[PDB]
Every structure is written in structure tokens, then in C-alpha cells.
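As provided, run32.txt (compact mmCIF, C-alpha atoms and all ligand atoms) reads as follows.
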# COMPACT_ATOMS: atom_id res chain seq x y z
CA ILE A 1 -10.39 -6.22 -1.03
CA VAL A 2 -10.55 -9.45 -3.01
CA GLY A 3 -10.94 -9.00 -6.81
CA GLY A 4 -10.54 -5.23 -6.73
CA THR A 5 -8.54 -2.56 -8.53
CA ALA A 6 -6.57 0.50 -7.31
CA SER A 7 -8.30 3.81 -6.61
CA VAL A 8 -7.02 7.32 -7.49
CA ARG A 9 -6.70 10.34 -5.16
CA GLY A 10 -10.05 11.92 -4.25
CA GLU A 11 -12.13 8.96 -5.43
CA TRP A 12 -13.32 7.84 -1.97
CA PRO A 13 -12.62 10.95 0.18
CA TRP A 14 -14.76 9.75 3.07
CA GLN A 15 -12.45 6.66 3.47
CA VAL A 16 -10.06 6.71 6.44
CA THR A 17 -7.34 4.38 7.73
CA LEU A 18 -7.54 3.84 11.50
CA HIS A 19 -4.18 2.88 12.89
CA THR A 20 -3.30 1.41 16.25
CA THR A 21 0.07 2.29 17.93
CA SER A 22 0.38 -0.69 20.35
CA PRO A 23 2.23 -3.08 20.33
CA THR A 24 3.15 -1.80 16.77
CA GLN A 25 1.80 0.95 14.47
CA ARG A 26 -0.26 -0.46 11.62
CA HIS A 27 -3.52 -0.24 9.72
CA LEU A 28 -6.15 -1.62 12.11
CA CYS A 29 -9.46 -0.93 10.37
CA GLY A 30 -11.31 1.38 7.93
CA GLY A 31 -13.82 4.17 8.45
CA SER A 32 -15.96 6.88 6.95
CA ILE A 33 -16.01 10.63 7.51
CA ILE A 34 -19.68 11.46 8.29
CA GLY A 35 -19.13 14.85 9.99
CA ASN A 36 -16.48 17.49 10.80
CA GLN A 37 -15.32 15.44 13.82
CA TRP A 38 -17.14 12.13 13.28
CA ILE A 39 -15.97 8.77 11.88
CA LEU A 40 -18.39 5.86 11.38
CA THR A 41 -16.61 2.51 11.79
CA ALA A 42 -17.36 -1.04 13.20
CA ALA A 43 -17.34 -1.89 16.97
CA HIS A 44 -15.36 -5.11 16.53
CA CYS A 45 -12.33 -3.06 15.43
CA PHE A 46 -11.85 -1.97 19.08
CA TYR A 47 -11.54 -5.52 20.49
CA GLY A 48 -8.40 -5.30 22.62
CA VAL A 49 -8.19 -1.49 22.35
CA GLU A 50 -7.70 -0.36 25.98
CA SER A 51 -8.45 3.38 25.30
CA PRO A 52 -8.61 5.91 22.38
CA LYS A 53 -4.95 6.84 23.30
CA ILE A 54 -3.44 4.26 20.92
CA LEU A 55 -5.58 5.17 17.89
CA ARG A 56 -4.86 7.51 14.94
CA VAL A 57 -7.24 8.46 12.11
CA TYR A 58 -5.57 9.21 8.80
CA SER A 59 -7.68 10.96 6.16
CA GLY A 60 -6.58 11.87 2.59
CA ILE A 61 -4.42 8.76 2.31
CA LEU A 62 -4.18 6.77 -0.95
CA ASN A 63 -1.13 4.55 -0.17
CA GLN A 64 -0.14 3.30 3.29
CA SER A 65 3.51 4.14 2.32
CA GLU A 66 2.49 7.86 2.45
CA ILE A 67 2.21 7.53 6.25
CA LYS A 68 5.47 8.80 7.77
CA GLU A 69 6.47 9.92 11.30
CA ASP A 70 5.51 13.50 10.22
CA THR A 71 2.22 12.63 8.44
CA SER A 72 -0.71 14.51 9.90
CA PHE A 73 -3.41 12.56 11.68
CA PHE A 74 -6.46 13.00 13.95
CA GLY A 75 -6.48 12.00 17.59
CA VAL A 76 -9.61 10.23 18.84
CA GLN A 77 -11.42 11.97 21.71
CA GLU A 78 -14.01 9.23 22.23
CA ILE A 79 -14.94 5.73 20.97
CA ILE A 80 -18.74 5.32 21.01
CA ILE A 81 -19.60 1.62 20.61
CA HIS A 82 -23.31 0.58 20.16
CA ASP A 83 -24.67 -0.32 23.65
CA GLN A 84 -26.12 -3.59 22.30
CA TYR A 85 -22.90 -4.77 20.61
CA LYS A 86 -21.38 -8.19 21.69
CA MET A 87 -19.95 -10.00 18.60
CA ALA A 88 -19.73 -8.86 14.91
CA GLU A 89 -21.69 -11.89 13.50
CA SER A 90 -24.65 -11.00 15.80
CA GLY A 91 -24.99 -7.33 14.70
CA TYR A 92 -24.66 -3.83 16.16
CA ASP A 93 -21.15 -3.66 14.57
CA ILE A 94 -21.23 0.16 14.54
CA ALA A 95 -19.03 2.61 16.40
CA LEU A 96 -18.36 6.37 16.22
CA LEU A 97 -14.99 8.03 16.54
CA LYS A 98 -15.21 11.61 17.82
CA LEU A 99 -12.01 13.32 16.73
CA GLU A 100 -9.91 15.70 18.85
CA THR A 101 -10.14 18.46 16.10
CA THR A 102 -12.41 19.22 13.08
CA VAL A 103 -11.66 18.02 9.53
CA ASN A 104 -11.04 20.78 7.02
CA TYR A 105 -12.83 19.46 3.91
CA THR A 106 -10.80 19.19 0.69
CA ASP A 107 -10.95 16.99 -2.49
CA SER A 108 -8.98 14.26 -0.65
CA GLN A 109 -11.16 14.36 2.56
CA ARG A 110 -14.91 15.12 2.56
CA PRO A 111 -17.99 13.64 4.38
CA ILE A 112 -20.32 10.91 3.13
CA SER A 113 -24.08 11.26 3.61
CA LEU A 114 -26.10 8.56 5.42
CA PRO A 115 -29.10 6.91 3.60
CA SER A 116 -31.84 9.59 3.28
CA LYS A 117 -35.11 9.82 5.17
CA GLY A 118 -37.49 8.69 2.46
CA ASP A 119 -35.04 6.48 0.51
CA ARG A 120 -35.87 3.27 2.45
CA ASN A 121 -37.39 1.61 -0.67
CA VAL A 122 -34.37 2.54 -2.89
CA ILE A 123 -32.89 -0.31 -4.93
CA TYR A 124 -29.15 0.37 -4.83
CA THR A 125 -27.61 -0.76 -8.13
CA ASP A 126 -24.18 0.98 -7.86
CA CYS A 127 -22.49 -0.15 -4.61
CA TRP A 128 -18.79 -0.17 -3.88
CA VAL A 129 -16.66 -1.60 -1.14
CA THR A 130 -13.28 0.09 -0.50
CA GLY A 131 -10.29 -0.50 1.79
CA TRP A 132 -6.65 -1.53 2.31
CA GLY A 133 -7.50 -5.05 3.56
CA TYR A 134 -6.29 -8.50 2.46
CA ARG A 135 -6.77 -9.88 -1.10
CA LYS A 136 -7.20 -13.49 0.23
CA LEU A 137 -7.60 -15.17 3.67
CA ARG A 138 -3.82 -15.57 4.40
CA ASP A 139 -2.60 -12.27 2.94
CA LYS A 140 -1.11 -8.89 4.21
CA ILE A 141 -2.43 -5.29 4.43
CA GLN A 142 -2.31 -3.55 1.00
CA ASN A 143 -0.52 -0.36 -0.03
CA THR A 144 -3.06 1.31 -2.47
CA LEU A 145 -6.83 1.73 -1.68
CA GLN A 146 -8.66 -1.11 -3.48
CA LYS A 147 -12.28 -0.90 -4.71
CA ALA A 148 -14.92 -3.42 -5.78
CA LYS A 149 -18.42 -3.07 -7.27
CA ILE A 150 -20.57 -5.64 -5.47
CA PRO A 151 -24.27 -6.30 -6.01
CA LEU A 152 -26.51 -6.23 -2.95
CA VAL A 153 -28.36 -9.47 -2.22
CA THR A 154 -31.69 -9.66 -0.37
CA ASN A 155 -32.03 -10.40 3.37
CA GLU A 156 -33.90 -13.65 2.48
CA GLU A 157 -31.20 -14.73 -0.01
CA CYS A 158 -28.45 -13.85 2.51
CA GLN A 159 -30.19 -15.76 5.32
CA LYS A 160 -30.10 -18.92 3.07
CA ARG A 161 -26.30 -18.84 2.86
CA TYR A 162 -26.01 -18.18 6.62
CA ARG A 163 -28.25 -20.88 8.11
CA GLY A 164 -26.18 -20.79 11.33
CA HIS A 165 -26.46 -17.01 11.77
CA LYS A 166 -29.30 -14.60 12.53
CA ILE A 167 -29.41 -12.27 9.47
CA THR A 168 -31.44 -9.32 10.75
CA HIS A 169 -32.98 -6.23 9.07
CA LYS A 170 -30.10 -4.27 10.75
CA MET A 171 -27.76 -6.18 8.26
CA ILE A 172 -27.35 -5.95 4.46
CA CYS A 173 -25.50 -8.36 2.28
CA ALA A 174 -23.47 -7.90 -0.86
CA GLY A 175 -21.92 -10.60 -2.98
CA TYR A 176 -21.62 -12.37 -6.35
CA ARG A 177 -23.23 -15.82 -6.56
CA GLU A 178 -19.92 -17.36 -7.82
CA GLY A 179 -17.74 -15.30 -5.42
CA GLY A 180 -14.73 -13.36 -6.65
CA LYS A 181 -15.11 -9.84 -5.26
CA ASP A 182 -15.42 -9.04 -1.56
CA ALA A 183 -13.85 -7.35 1.48
CA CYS A 184 -11.38 -9.18 3.74
CA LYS A 185 -9.35 -8.59 7.03
CA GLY A 186 -8.46 -4.90 7.26
CA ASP A 187 -11.56 -3.67 5.36
CA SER A 188 -13.95 -3.78 8.36
CA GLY A 189 -15.18 -0.43 9.60
CA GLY A 190 -14.98 0.95 6.07
CA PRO A 191 -17.79 1.94 3.78
CA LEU A 192 -20.10 0.08 1.43
CA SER A 193 -20.99 3.23 -0.48
CA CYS A 194 -23.84 3.16 -2.97
CA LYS A 195 -24.38 5.99 -5.47
CA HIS A 196 -28.02 6.95 -6.13
CA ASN A 197 -29.07 9.99 -8.28
CA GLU A 198 -25.31 10.83 -8.46
CA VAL A 199 -25.05 11.24 -4.68
CA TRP A 200 -23.01 8.81 -2.62
CA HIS A 201 -24.63 7.27 0.43
CA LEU A 202 -23.04 5.31 3.22
CA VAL A 203 -25.22 2.25 2.88
CA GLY A 204 -23.28 -0.35 4.88
CA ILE A 205 -20.23 -0.78 7.20
CA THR A 206 -17.85 -3.73 6.41
CA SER A 207 -18.49 -6.39 9.06
CA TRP A 208 -18.12 -10.20 8.54
CA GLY A 209 -18.70 -13.33 6.44
CA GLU A 210 -17.60 -16.95 5.97
CA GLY A 211 -14.12 -16.68 4.39
CA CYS A 212 -13.25 -13.96 1.85
CA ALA A 213 -15.09 -13.91 -1.53
CA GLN A 214 -16.20 -17.57 -1.45
CA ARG A 215 -19.07 -18.70 -3.72
CA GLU A 216 -22.62 -18.26 -2.36
CA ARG A 217 -21.23 -16.49 0.76
CA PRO A 218 -22.06 -12.76 0.66
CA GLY A 219 -20.35 -10.10 2.75
CA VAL A 220 -22.42 -9.07 5.76
CA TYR A 221 -22.60 -5.35 6.52
CA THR A 222 -24.15 -3.06 9.15
CA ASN A 223 -27.35 -1.54 7.60
CA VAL A 224 -26.53 2.16 8.24
CA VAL A 225 -30.14 3.41 7.55
CA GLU A 226 -31.32 1.41 10.61
CA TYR A 227 -28.82 3.14 12.89
CA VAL A 228 -29.35 6.71 11.56
CA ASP A 229 -31.35 7.63 14.78
CA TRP A 230 -28.48 6.33 16.97
CA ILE A 231 -25.96 8.30 14.86
CA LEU A 232 -28.04 11.54 15.10
CA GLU A 233 -28.53 11.08 18.86
CA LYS A 234 -24.76 10.71 19.30
CA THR A 235 -23.49 13.37 16.82
CA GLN A 236 -25.64 16.22 18.22
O1 LIG B 1 -12.16 -7.33 11.03
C1 LIG B 1 -11.14 -6.82 10.32
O2 LIG B 1 -11.28 -6.44 9.17
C2 LIG B 1 -9.80 -6.70 10.99
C3 LIG B 1 -9.87 -7.00 12.49
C4 LIG B 1 -9.92 -5.97 13.43
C5 LIG B 1 -9.99 -6.28 14.79
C6 LIG B 1 -10.02 -7.63 15.18
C7 LIG B 1 -9.97 -8.66 14.24
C8 LIG B 1 -9.88 -8.34 12.88
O3 LIG B 1 -9.85 -9.32 11.87
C9 LIG B 1 -10.77 -10.41 11.90
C10 LIG B 1 -10.88 -10.93 10.47
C11 LIG B 1 -10.08 -11.99 10.02
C12 LIG B 1 -10.23 -12.49 8.72
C13 LIG B 1 -11.18 -11.94 7.85
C14 LIG B 1 -11.98 -10.88 8.29
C15 LIG B 1 -13.03 -10.28 7.41
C16 LIG B 1 -13.31 -8.92 7.51
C17 LIG B 1 -14.34 -8.36 6.73
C18 LIG B 1 -15.10 -9.15 5.87
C19 LIG B 1 -14.83 -10.52 5.80
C20 LIG B 1 -13.81 -11.08 6.58
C21 LIG B 1 -15.62 -11.41 4.85
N1 LIG B 1 -16.14 -10.60 3.73
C22 LIG B 1 -17.00 -9.48 4.17
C23 LIG B 1 -16.18 -8.49 5.02
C24 LIG B 1 -11.84 -10.39 9.60
Kindly transcribe the structure held in the file into C-alpha cells.
Ligand SMILES: O=C(O)Cc1ccccc1OCc1cccc(-c2ccc3c(c2)CNCC3)c1
Amino acid sequence: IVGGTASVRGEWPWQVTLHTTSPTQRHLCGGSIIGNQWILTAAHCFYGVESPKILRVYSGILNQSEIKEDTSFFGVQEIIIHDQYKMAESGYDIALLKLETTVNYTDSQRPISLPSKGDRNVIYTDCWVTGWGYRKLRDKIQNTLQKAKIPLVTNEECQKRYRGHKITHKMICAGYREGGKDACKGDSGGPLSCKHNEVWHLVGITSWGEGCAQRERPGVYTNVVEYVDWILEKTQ
């Protein structure tokens, strides 16, 4: 998170830290709790992941320093990548982690709803991007969970900044015209959560963009509402 501030415990309870344990154990990507044994993340996070054996999902984590050799975690039973996925910049950057056990919901770990059936025309004015990612292009993974309010930009406006990319209706962009606040390396997979009528919705999944928080270069996200049918087909 570029231009963000620290979160407090139980602020983003659907946020998870997916770790890899090969060749070293570290924060790989972010994710969202969308069900008792379901995590919604981005497919590109599993590039070079040979099997779910090396992964660990940590929920209820504020600082990465809280993760010790005795810290509880969830094993991943299955990694469901979108069948159409190839590269992040081209879309379908959506994956589902099916955990080995159910999540007991508390204040530090609860599920986030997907955009509602009938809220397609909603103008989201309170969107937030969260994660433990970099604060600049050549940085390191953060300790506390950063947050950033980012305005959504239209598909047409976003397509102007990305003349060399195909910005589809399965993508949503968020950024400030003069840069400053954005998600960077380590934030992918995580949520772009927008609050509407005091309910949080998982509106996007952190995906890609030219550099981190550059001017007139919005963050590109997976448009969750478009994939709700895929998610329901898989989580049933
Ligand atoms: O993809 C990750 O987060 C971490 C990761 C996992 C697996 C393989 C590669 C990899 O890192 C690639 C990498 C390198 C530098 C910056 C980014 C990055 C990430 C997100 C966003 C932006 C940029 C621009 N702003 C909008 C959001 C990604």
C-alpha cells in the first residue's frame, strides 16, 4: 500500500495473508474470506506454486511479526484458478482457496459479502484497498496492515491510461488523477472493499497496473460482480 495508514484489529476481518513455505516462508499474496472455507484471491499469485502443499492462510493477523512457528493457520485443500486465466494484465485474475477446515467467525476474522444481485448500477463512493504490500516499487513487505481510500474511475477513463491493454467490463479501476495512493507488490489477491448502505462489499481483487501509484495510472482490479456466478458454481 502506497500512501496508506495502519489499520487496527478487527477493521478488515475478511483480509488474509497467504504465505508460501518454499524456498522460504513469507507473505506471498492477500485474500478475502468469502465463506466458512473459502478465500477469494488472484490467480497470478500461484505462478510457480507447484501444489497447495506449500501454502498457508493466516486470518486474524494485524502484524506479520505476530506469525510465529506456533501461530495457527489454515491449510489449503484446493486452488481453483479461473479456467480462462493466462496473464494478470489480460483478466480472469481470480482464484478460490478451499481451506482444509472451517473458519470460526470472530471480530478478527469474518466473511465479506460479494456485490449484491440488484446493485449493478451502484456508484461506490467509499472504497478501500488493504494489504501488507510494498509502499514503493523497490520496497519490502510491511509489518502492519495498511489501508487506502481510493476513488473508482470509469472503464472508459481507465482504458485511456492503458492504451496498450484491453480494459474489459470484467475489470474495475481505482486511482487518483495525480497518483499518491495505490496497492503495490504483496497486495494482489486482497480486497478492494467498498462500503454501501453501511455494508461492506468485495468489489474488486487487487491485480495490476503500470508502476505503483503513478499519476494518471489507476490500479486495475478483478470486477468481482462479474464473476459472482463462477464463485457460486464453485462454492456450492
Ligand atoms: O502480484 C503481487 O502483488 C505479488 C506477486 C505474486 C506472485 C508473482 C509476482 C508478484 O509480484 C508482481 C508485482 C511486482 C511489482 C508490483 C506489483 C503490483 C501488484 C499490485 C498492484 C500493482 C503492482 C499496481 N497497482 C495496482 C495493484 C506486482
| said: One decimal, in Å: what's the spacing between atom CA of residue A:78 and atom CA of residue A:235? | reply: 11.7 Å
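The space between atom CA of residue A:191 and atom CA of residue A:22 spans 24.7 Å.
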List as a Markdown table every residue of chain A that is in contact with ligand LIG 1 (chain B), defined as an atom at most 8 Å from one of its atoms (using all atoms listed in the file), together with the nearest atom pair and the distance in Å rounded to one decimal, sorted by chain and then rising number.
| residue | atom | partner | partner_atom | distance |
| --- | --- | --- | --- | --- |
| A:28 | CA | B:LIG1 | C4 | 5.9 |
| A:29 | CA | B:LIG1 | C2 | 5.8 |
| A:30 | CA | B:LIG1 | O2 | 7.9 |
| A:44 | CA | B:LIG1 | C5 | 5.8 |
| A:45 | CA | B:LIG1 | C5 | 4.0 |
| A:46 | CA | B:LIG1 | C5 | 6.4 |
| A:47 | CA | B:LIG1 | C6 | 5.9 |
| A:48 | CA | B:LIG1 | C6 | 8.0 |
| A:133 | CA | B:LIG1 | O2 | 6.9 |
| A:137 | CA | B:LIG1 | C12 | 6.3 |
| A:182 | CA | B:LIG1 | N1 | 5.6 |
| A:183 | CA | B:LIG1 | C23 | 4.4 |
| A:184 | CA | B:LIG1 | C15 | 4.2 |
| A:185 | CA | B:LIG1 | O2 | 3.6 |
| A:186 | CA | B:LIG1 | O2 | 3.7 |
| A:187 | CA | B:LIG1 | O2 | 4.7 |
| A:188 | CA | B:LIG1 | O2 | 3.9 |
| A:189 | CA | B:LIG1 | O2 | 7.2 |
| A:206 | CA | B:LIG1 | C23 | 5.2 |
| A:207 | CA | B:LIG1 | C23 | 5.1 |
| A:208 | CA | B:LIG1 | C18 | 4.2 |
| A:209 | CA | B:LIG1 | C21 | 4.0 |
| A:210 | CA | B:LIG1 | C21 | 6.0 |
| A:211 | CA | B:LIG1 | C21 | 5.5 |
| A:212 | CA | B:LIG1 | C21 | 4.6 |
| A:213 | CA | B:LIG1 | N1 | 6.3 |
| A:218 | CA | B:LIG1 | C22 | 7.0 |
| A:219 | CA | B:LIG1 | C22 | 3.7 |
| A:220 | CA | B:LIG1 | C22 | 5.7 |
| A:221 | CA | B:LIG1 | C23 | 7.3 |
Could you save the residues just selected, with C-alpha atoms, as an mmCIF file, in the coordinates of the input?
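Resulting contents of part03.cif:
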data_model
loop_
_atom_site.group_PDB
_atom_site.id
_atom_site.type_symbol
_atom_site.label_atom_id
_atom_site.label_comp_id
_atom_site.auth_asym_id
_atom_site.auth_seq_id
_atom_site.Cartn_x
_atom_site.Cartn_y
_atom_site.Cartn_z
ATOM 1 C CA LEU A 28 -6.150 -1.620 12.110
ATOM 2 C CA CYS A 29 -9.460 -0.930 10.370
ATOM 3 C CA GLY A 30 -11.310 1.380 7.930
ATOM 4 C CA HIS A 44 -15.360 -5.110 16.530
ATOM 5 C CA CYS A 45 -12.330 -3.060 15.430
ATOM 6 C CA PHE A 46 -11.850 -1.970 19.080
ATOM 7 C CA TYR A 47 -11.540 -5.520 20.490
ATOM 8 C CA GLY A 48 -8.400 -5.300 22.620
ATOM 9 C CA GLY A 133 -7.500 -5.050 3.560
ATOM 10 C CA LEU A 137 -7.600 -15.170 3.670
ATOM 11 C CA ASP A 182 -15.420 -9.040 -1.560
ATOM 12 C CA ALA A 183 -13.850 -7.350 1.480
ATOM 13 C CA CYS A 184 -11.380 -9.180 3.740
ATOM 14 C CA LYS A 185 -9.350 -8.590 7.030
ATOM 15 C CA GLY A 186 -8.460 -4.900 7.260
ATOM 16 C CA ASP A 187 -11.560 -3.670 5.360
ATOM 17 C CA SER A 188 -13.950 -3.780 8.360
ATOM 18 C CA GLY A 189 -15.180 -0.430 9.600
ATOM 19 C CA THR A 206 -17.850 -3.730 6.410
ATOM 20 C CA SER A 207 -18.490 -6.390 9.060
ATOM 21 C CA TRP A 208 -18.120 -10.200 8.540
ATOM 22 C CA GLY A 209 -18.700 -13.330 6.440
ATOM 23 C CA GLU A 210 -17.600 -16.950 5.970
ATOM 24 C CA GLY A 211 -14.120 -16.680 4.390
ATOM 25 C CA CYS A 212 -13.250 -13.960 1.850
ATOM 26 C CA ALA A 213 -15.090 -13.910 -1.530
ATOM 27 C CA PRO A 218 -22.060 -12.760 0.660
ATOM 28 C CA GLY A 219 -20.350 -10.100 2.750
ATOM 29 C CA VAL A 220 -22.420 -9.070 5.760
ATOM 30 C CA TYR A 221 -22.600 -5.350 6.520
#
| said: For residue A:234, find every residue with an atom within 9 Å (counting all atoms listed in the file), except residues of its own chain fewer than 5 positions away, and show them as a ChimeraX atom specification. | reply: /A:80,96,229
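If you count only C-alpha atoms and ignore residues fewer than 5 places along the chain from residue A:216, what sits within 12 Å of it is residues 153, 157, 158, 159, 160, 161, 162, 173, 174, 175, 176, 177, 178, 179, 180, 181, 182, 209, 210 and 211 of chain A.
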| said: Using only C-alpha atoms, can you tell me which of A:61, A:122, A:148, A:40 comes closest to residue A:6? | reply: A:148
Centre and edge lengths, as JSON, for the axis-aligned box enclosing every listed atom of stretch 197-215 of chain A with 3 Å of padding on each of the six sides, in Å to one decimal?
{"center_x": -21.2, "center_y": -3.7, "center_z": 0.3, "size_x": 21.8, "size_y": 35.9, "size_z": 23.5}
| query | Once you count all atoms listed in the file, which residues end up no further than 6 Å from (-20.9, -3.7, -3.9) in the file's frame, shown as an MDAnalysis selection string? | reply | chainID A and resid 127:129 149:151 174
Selected residues written out with C-alpha atoms, as a compact mmCIF listing (two decimals), in the frame of the given file:
# COMPACT_ATOMS: atom_id res chain seq x y z
CA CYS A 127 -22.49 -0.15 -4.61
CA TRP A 128 -18.79 -0.17 -3.88
CA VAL A 129 -16.66 -1.60 -1.14
CA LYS A 149 -18.42 -3.07 -7.27
CA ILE A 150 -20.57 -5.64 -5.47
CA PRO A 151 -24.27 -6.30 -6.01
CA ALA A 174 -23.47 -7.90 -0.86
| field | Polymer residues at most 7 Å from (-19.1, 2.0, 4.3) by only C-alpha atoms, as a PyMOL selection string | value | chain A and resi 32+129+190-193+202-206
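When the distance limit is 9 Å and all atoms listed in the file are what count, the residues near residue A:112, minus those fewer than 2 positions from it on the same chain, are residues 13, 14, 15, 32, 33, 34, 35, 110, 114, 193, 200, 201 and 202 of chain A.
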| remark: The residue from A:124, A:38, A:132, A:85 with the smallest atom-to-atom distance to residue A:154, counting only C-alpha atoms, is A:124
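Reported to one decimal place, the separation of atom CA of residue A:222 from atom CA of residue A:95 is 10.5 Å.
With distances taken over all atoms listed in the file, A:92 is the one residue among A:73, A:92, A:58, A:12 lying closest to residue A:42.
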| task | Just the residues within 9 Å of residue A:63, please, counting only C-alpha atoms, with nothing from its chain fewer than 4 positions along; format it as an NGL selection string. | result | :A and (67 or 132 or 142-145)
Within 9 Å of residue A:57, counting only C-alpha atoms, which residues show up once you throw out same-chain ones fewer than 2 positions away? Write them as a PDB file with C-alpha atoms, in the frame of the given file, please.
ATOM      1  CA  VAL A  16     -10.060   6.710   6.440  1.00  0.00           C
ATOM      2  CA  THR A  17      -7.340   4.380   7.730  1.00  0.00           C
ATOM      3  CA  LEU A  18      -7.540   3.840  11.500  1.00  0.00           C
ATOM      4  CA  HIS A  19      -4.180   2.880  12.890  1.00  0.00           C
ATOM      5  CA  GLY A  31     -13.820   4.170   8.450  1.00  0.00           C
ATOM      6  CA  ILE A  39     -15.970   8.770  11.880  1.00  0.00           C
ATOM      7  CA  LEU A  55      -5.580   5.170  17.890  1.00  0.00           C
ATOM      8  CA  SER A  59      -7.680  10.960   6.160  1.00  0.00           C
ATOM      9  CA  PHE A  73      -3.410  12.560  11.680  1.00  0.00           C
ATOM     10  CA  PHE A  74      -6.460  13.000  13.950  1.00  0.00           C
ATOM     11  CA  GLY A  75      -6.480  12.000  17.590  1.00  0.00           C
ATOM     12  CA  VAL A  76      -9.610  10.230  18.840  1.00  0.00           C
ATOM     13  CA  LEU A  97     -14.990   8.030  16.540  1.00  0.00           C
ATOM     14  CA  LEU A  99     -12.010  13.320  16.730  1.00  0.00           C
TER      15      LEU A  99
END
